[PDB]
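*Asks:* the data below comprise the sequence and an experimental structure of the protein.
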Amino acid sequence: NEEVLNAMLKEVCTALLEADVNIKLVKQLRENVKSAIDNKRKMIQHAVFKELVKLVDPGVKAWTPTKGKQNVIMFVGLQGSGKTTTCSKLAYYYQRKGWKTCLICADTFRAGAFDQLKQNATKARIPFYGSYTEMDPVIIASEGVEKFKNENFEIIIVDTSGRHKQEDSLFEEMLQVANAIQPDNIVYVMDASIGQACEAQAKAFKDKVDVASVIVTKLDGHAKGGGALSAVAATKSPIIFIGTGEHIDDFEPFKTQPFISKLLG
Amino acid sequence: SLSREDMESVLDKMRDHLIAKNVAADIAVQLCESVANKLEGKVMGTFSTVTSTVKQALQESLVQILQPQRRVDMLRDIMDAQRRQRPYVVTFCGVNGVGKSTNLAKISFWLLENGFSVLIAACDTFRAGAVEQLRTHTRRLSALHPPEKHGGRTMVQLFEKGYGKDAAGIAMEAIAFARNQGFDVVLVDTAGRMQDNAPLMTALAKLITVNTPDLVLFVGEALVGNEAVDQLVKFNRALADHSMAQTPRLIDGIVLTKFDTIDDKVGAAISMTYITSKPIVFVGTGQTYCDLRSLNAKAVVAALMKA
Ligand SMILES: Nc1nc2c(ncn2[C@@H]2O[C@H](COP(=O)(O)OP(=O)(O)NP(=O)(O)O)[C@@H](O)[C@H]2O)c(=O)[nH]1
Ligand SMILES: Nc1nc2c(ncn2[C@@H]2O[C@H](COP(=O)(O)OP(=O)(O)NP(=O)(O)O)[C@@H](O)[C@H]2O)c(=O)[nH]1
Ligand SMILES: Nc1ncnc2c1ncn2[C@@H]1O[C@H](COP(=O)(O)O)[C@@H](O)[C@H]1O
Ligand SMILES: [Mg+2]
Ligand SMILES: [Mg+2]
């Protein structure tokens, strides 16, 4: 019976490893479900499920905007994780719920970044700010937040360029954008397909700037998004929304139960 | 001798190590079981240990996976394309945000630097800003490579029919255009798609079957996890099913991007060259045109063995 636990348990360690959960976390989850356990694949799979929930839940309630005040949300994340698309996704979400929302493009690097957000925003009938010419993200973000403040917007969402921890230059520029506009919520956007390099980057983001929420994108495919456990761990922030496709309404609020279910099999 | 029982633990440590360095979990497993089979019933060296023996075995098989039989000499292939008086067509493809468009620009720069003219075909006709993105690149490149620096010839140019049109047909008109305007290379950019989106994978297969490019390149981020394996399996499976040839045109080579973000968790390179037995043709190491590297198989394996 000591052999029927382990055989059923290394079979769960493998499912989680294949789902891109950090190996550190699996090695830890294994001897956690083992210590805490002292029809047979239910008495086990339940106690595993419970330990996984403890991992997605940071113990913190999620930030929410208040109607009638100025709420500034700033997006950050690795190159190509899906910030820009998720920006218009989130604006469209709040706008449909009757908030006065708008998007600002503070990417001055990515070729056609402003055109991208401008077309996204234009299709969804959402006010935007950005510049073809201005090269300092801090000036666009500043002059953008300042503009939409003066027009009494409730949700001002600021898109920023992709960056990664080893480019010290880019990480400073991020903190400088944060300090300039003083966001009420910083969102860390992450690709659900991310491998083991995830914990390192997410920690690095949280160490430099004040990440308070996480959005997981590209969950509509084959990836189960196990990197999210490490992202939640590193940023000490709840997953608030998931992205489920390329379109503006491929977006829904994160629910813990179905995600851990899909993560497990 | 060396039984499986003796190697059992050091092999387990290797597997866990490889996994931690971002080699796909099942590949690490298969990798280590190969090392077991290779060593079983053999005797060790005079001063070798069971650890040093499997460590060396693993290192050799890793080097061999990374440098596969078929190389891809791209400039040489373009030289040959020029003798036949046809353009050399390259198709980039891959899932969303991995770096197709930007590495297509880097490769253009490299080609121009060797004196070939490239027509960029904007065949992502879907994602917001795809055309303007490539336009920005074309503008940046033909400032670096203007006509006044090449005897009056235009060396880069964008072929675009804007958003909404069939990708395959634009690719076709572009290749047709390159032939008539004298462009040495056509680089076809395609939209990002999930590997199991049937409609989109058929579209990708159609563009390839219809235009028979000289080189299909799969583009994958080095950040990717176990997804590296599934993306390639299903892309290659899609090119083979939605094709009506005897020996169908599969993925020819890999562009491993964002290598600058993974530190030494360099494992995705092993994941990709293990399933496709195709070479990593370029490694992407940043966001500028200069950030394009070849793949040093000895040195990548070195980084993977270390931690
Ligand atoms: N299938 C799918 N595609 C998505 C999802 N979110 C974004 N995408 C696609 O992923 C790609 C990358 O998105 P994008 O917003 O450009 O990334 P980014 O990280 O904001 N930009 P940057 O390159 O500056 O880092 C685009 O093709 C986008 O439409 C999602 O949830 N599902
Ligand atoms: N650090 C780093 N960033 C890279 C590298 N290659 C591309 N990027 C960045 O990653 C993001 C992806 O860019 P893009 O080329 O638009 O990717 P894509 O696959 O064409 N996206 P889409 O799916 O929408 O077509 C860009 O911000 C680009 O600057 C690389 O090697 N290193
Ligand atoms: N990356 C993509 N490339 C091409 N078509 C897509 C992509 N993602 C989604 N689609 C589909 O293409 C169609 C275009 O819809 P629309 O952009 O609203 O005109 C819809 O059926 C989408 O589901
Ligand atoms: Mg972006
Ligand atoms: Mg592209």
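*Replies:* Perfect, thanks for sending it. Numbers count the residues shown, from 1 in each chain, chains lettered A, B, ... in the order given. Ligands and ions are numbered 1, 2, ... in the order given.
*Asks:* okay, CA-based contacts and neighbour counts for the rest of this
*Replies:* Noted.
*Asks:* can you work out which other helices and strands pack against the host helix or strand of residue B:209?
*Replies:* Per DSSP states H and E: residue B:209 is located in helix B:198-211. In this structure, helix B:198-211 makes packing contacts with helix B:167-181, helix B:227-241, judged by 3 or more CA pairs under 8 Å, 6 or more residues apart in numbering or on different chains; DSSP states H and E.
*Asks:* from residue A:131, how far off is the closest residue to residue A:99 other than its chain neighbours?
*Replies:* Counting by CA to CA, 6 or more residues apart in numbering or on different chains, residue A:154 is the residue found nearest to residue A:99 once chain neighbours are left out, at 6.3 Å. Summarising the geometry, the distance separating residue A:154 from residue A:131, computed by CA to CA, to the nearest Å, is 22 Å.
*Asks:* who has more neighbours, those two?
*Replies:* Using other CA atoms under 10 Å in any protein chain shown as the criterion, residue A:154 and residue A:131 rank with residue A:154 on top: 23 against 17.
*Asks:* quick one: the helices in the stretch 201-307 of chain B, in order.
*Replies:* Ranges of helices in the stretch 201-307 of chain B, per DSSP state H, counting those that start in this stretch, are B:227-241, B:268-275, B:297-306.
*Asks:* switch those over to TSV; also include mean neighbour count and distance to residue A:104.
*Replies:* Rendered in TSV, the data for the helices of the stretch 201-307 of chain B read as follows (neighbours: other CA atoms under 10 Å in any protein chain shown; distance: least, CA to CA, whole Å):
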stretch	mean neighbour count	distance to residue A:104
helix B:227-241	20	33
helix B:268-275	26	35
helix B:297-306	17	40
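*Asks:* and of the ones you listed, who's closest to chain A?
*Replies:* In this view, the helices of the stretch 201-307 of chain B are compared for proximity to chain A by CA to the nearest CA, and helix B:227-241 is the closest at 6.2 Å.
*Asks:* how about that closest one and ligand 1, touching?
*Replies:* No: if you take CA under 6 Å from any ligand atom as the test, helix B:227-241 misses ligand 1, and the best it gets is 13.1 Å.
*Asks:* and chain A, is that helix touching that?
*Replies:* Yes: Helix B:227-241 comes into contact with chain A (CA under 8 Å from any CA of the partner chain), by way of residue B:227.
*Asks:* show me the domain layout of the chain.
*Replies:* No chain specified, so I'll use chain A. Following curated CATH domains, one gets these domains for chain A: A:1-59, A:60-265.
*Asks:* let's do chain B instead
*Replies:* Per the record's domain assignment (curated CATH domains), chain B is made up of the domains B:1-70, B:71-307.
*Asks:* any residue of the shortest one touching chain A?
*Replies:* Yes: using CA under 8 Å from any CA, domain B:1-70 reaches chain A at B:16, B:19-22, B:24-26.
*Asks:* end to end on that domain, go ahead and measure it.
*Replies:* The separation between the terminal residues of domain B:1-70, taken as CA to CA, is 36 Å.
*Asks:* burial measure for the closest residue to ligand 3 within chain A, as a count.
*Replies:* Of the residues in chain A, the one nearest ligand 3 is residue A:246, at a distance of 5.3 Å by CA to the nearest ligand atom. Burial of residue A:246, expressed as a neighbour count using other CA under 10 Å, amounts to 20.
*Asks:* residues in contact with it?
*Replies:* Counting by CA atoms under 8 Å, 6 or more residues apart in numbering or on different chains, residue A:246 touches residue A:85.
*Asks:* over to residue A:225?
*Replies:* Applying CA under 8 Å, 6+ apart, we find residue A:225 in contact with A:19-21, A:191-194, A:216, A:219, A:263.
*Asks:* so which of those are in helices?
*Replies:* Among the contacts of residue A:225, the residues falling in helices (DSSP state H) are residue A:263.
*Asks:* return the set of residues that bridge with the residue nearest in space to the middle of chain A.
*Replies:* Here the mean C-alpha position of chain A is nearest to the C-alpha of residue A:215 (CA atoms, centre = their mean), at a distance of 2.4 Å. With DSSP bridges applied, the residues forming beta bridges to residue A:215 are residue A:189, residue A:241.
*Asks:* so it makes contact with residue A:188?
*Replies:* Yes: counting by CA atoms under 8 Å, residue A:215 sits close enough to residue A:188 to count as a contact (6.3 Å).
*Asks:* sorry, back to before: quick check: which of the domains of chain B is nearest to ligand 3?
*Replies:* Nearest of the domains of chain B to ligand 3, taken as CA to the nearest ligand atom: domain B:71-307 at 5.0 Å.
*Asks:* at contact distance from ligand 2, anything in that closest one?
*Replies:* Yes: using CA under 6 Å from any ligand atom, domain B:71-307 reaches ligand 2 at B:96-103, B:191-192, B:257-261, B:284-287.
*Asks:* can you redo the helices of the stretch 201-307 of chain B as TSV with distance to ligand 3?
*Replies:* Formatted as TSV, the entries for the helices of the stretch 201-307 of chain B read as follows, by distance: least, CA to the nearest ligand atom, whole Å:
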stretch	distance to ligand 3
helix B:227-241	15
helix B:268-275	23
helix B:297-306	32
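*Asks:* up against ligand 2, what does the stretch 151-265 of chain A have?
*Replies:* The interface of the stretch 151-265 of chain A toward ligand 2, taken as CA under 6 Å from any ligand atom, is made up of residue A:162.
*Asks:* now do the helices in the stretch 151-265 of chain A.
*Replies:* In the stretch 151-265 of chain A, the helices defined using DSSP H, counting those that start in this stretch lie at A:168-181, A:198-208, A:227-235, A:256-264.
*Asks:* so residue B:122 bridges to which residues?
*Replies:* residue B:189.
*Asks:* OK, contacts around it?
*Replies:* Under the criterion of CA under 8 Å, 6+ apart, the contact list for residue B:122 reads B:130-131, B:134, B:158-162, B:170-171, B:188-190.
*Asks:* among those, name the buried ones.
*Replies:* Burial by neighbour count, judged by 16 or more other CA atoms under 10 Å in any protein chain shown, picks out B:130-131, B:134, B:158-162, B:170-171, B:188-190 from the contacts of residue B:122.
*Asks:* neighbours around residue 23, how many?
*Replies:* Picking chain A for this. Residue A:23 is flanked by 22 other residues according to other CA under 10 Å.
*Asks:* that answer is for a different chain, and I need it for chain B
*Replies:* Residue neighbour count, defined by other CA under 10 Å, stands at 31 for residue B:23.
*Asks:* name the residues of the stretch 101-250 of chain A found near ligand 3, please.
*Replies:* Within reach of ligand 3 by CA under 6 Å from any ligand atom, the stretch 101-250 of chain A has these residues: residue A:246.
*Asks:* what ranges do the strands span in the stretch 101-250 of chain A?
*Replies:* Remark: strands assigned in the stretch 101-250 of chain A by DSSP state E, counting those that start in this stretch are A:101-106, A:128-129, A:155-160, A:185-191, A:211-217, A:239-243.
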